[PDB]
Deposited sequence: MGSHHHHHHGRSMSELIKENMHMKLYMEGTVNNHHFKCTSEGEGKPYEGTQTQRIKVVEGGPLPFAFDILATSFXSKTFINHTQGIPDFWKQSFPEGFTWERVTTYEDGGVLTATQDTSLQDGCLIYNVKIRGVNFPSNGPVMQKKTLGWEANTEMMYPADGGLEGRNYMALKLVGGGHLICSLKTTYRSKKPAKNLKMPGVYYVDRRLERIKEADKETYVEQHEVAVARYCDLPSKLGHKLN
């Protein structure tokens, strides 16, 4: 098929956070039907970043979600034409980051192009002081809206010395495939874990791993 049991990926990312311009590239591979993937990420311009790499981490891959039970796979069905997404992440202490992404397929390779615009991260806050320690595992609630798919979620970013910085994520995913050709899912949930394999040189190189599984609610229902 188009989405093989092993797929490779290449990513290009450009952006500004506050007033610092940067570029990253990455390459990796994963098991799209097992919901696992790895990316080796390099900061190739504007490094070392003067802000926590953590704020970029969710911007680096929806094709690699294991859809269990019923669920029609919005992202795998979108090929060969692919899909796009746009996200606004709003941090409770100030910081707002917009990310927009294009996912396409060429030569059997997934290609990601990402743009990033973050502003108002406080100068003395943990993001700009690089005092963060990764994301807590979480659950994204997915729901169909106008033939597209919407995601809503709160995430918690670990801080040096304990405690957390909280942010809200508001995401829209759009297929480039004509709506008549894809089966739309109902409401469902994606459990995911974002972790690092290795990092070096002040997060100038980061190897990042994700596990993700799409499911219905585990709880029993009195109506159905």
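- In sequence order, the gaps in C-alpha coverage of the deposited chain fall at 1-14, 75, 240-243.
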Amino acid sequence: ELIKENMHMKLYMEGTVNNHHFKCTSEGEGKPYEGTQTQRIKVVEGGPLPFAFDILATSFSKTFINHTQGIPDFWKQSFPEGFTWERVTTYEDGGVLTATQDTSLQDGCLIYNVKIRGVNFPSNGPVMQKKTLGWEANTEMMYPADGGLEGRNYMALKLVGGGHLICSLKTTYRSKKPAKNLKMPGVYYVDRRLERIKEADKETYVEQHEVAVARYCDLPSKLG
From here on, numbers count along this sequence of modelled residues.
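- On average the C-alpha atoms of 175-183 have higher B-factors than those of the other stretch, with 162-170 and 175-183 being the two compared.
- Stretches 193-201 and 49-57 differ in mean C-alpha B factor, with the higher average recorded for 193-201.
- Within the listed group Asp107, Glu136, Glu92, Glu86, the record reports its top CA B-factor for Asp107.
- Ranked by C-alpha B-factor against the other modelled residues of its chain, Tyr143 falls in the middle third.
- Among all modelled residues in this chain, the alpha-carbon of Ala212 has a temperature factor (C-alpha) in the middle third.
- In the deposited entry, the Cα temperature factor of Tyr154 sits in the bottom third of values across the chain's modelled residues.
- Remark: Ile111 belongs to the middle third of its chain, ranked by C-alpha B-factor as recorded.
- In this PDB entry, the Cα temperature factor of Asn124 sits in the middle third of its chain's modelled residues.
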